[PDB]
């Protein structure tokens, strides 16, 4: 396991703010977005198609434990949380990424917003991918990938074990 690095080569700091930006793409960062109409909670996660939109920042925290370091390592379980002062819907749910485990979850389940910090579906690992400062995210339900989503076909995050669907990302420090 190695220090995960941001897009400028510096190791990623626990609790600090990063945009997640899909490598080698015309569109922008990852953002919350409704994936169902009504009810529209929990929200899904999509890549915006808009080129200079950087994403909504997130920060990473270890779970469990790791009373050692202010730095994020690969292959080690974290929670991923959106960081926003404003959050005008879905307020009874958290901002933690989580894999949909509801009774309507799809065979490749959507990644939603609203996990509980300790529940197994909220745990991710960051792993090295082939590509400088390029990574992938995994979960116990599969690797994070995409399919075309409901907003003009923008990529929507799901968990999948189809290798051709993996989402490759880099982490861009919020400055």
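Residue numbers count along the first chain shown, from 1.
If you average the C-alpha B-factors over 109-117 and over 127-135, the higher value belongs to 127-135. When the mean C-alpha temperature factors of 138-146 and 59-67 are read from the deposited coordinates, 59-67 comes out higher. As recorded in the entry, 26 carries the highest CA temperature factor of 26, 48, 36, 122. The PDB entry assigns residue 93 a C-alpha temperature factor belonging to the middle third of its chain's modelled residues. Per the deposited record, the Cα B-factor of residue 10 falls in the highest third when ranked against the other modelled residues of its chain.
The PDB entry assigns residue 169 a C-alpha temperature factor belonging to the lowest third of its chain's modelled residues. Sort the chain's modelled residues by C-alpha temperature factor and residue 87 lands in the middle third, per the entry.
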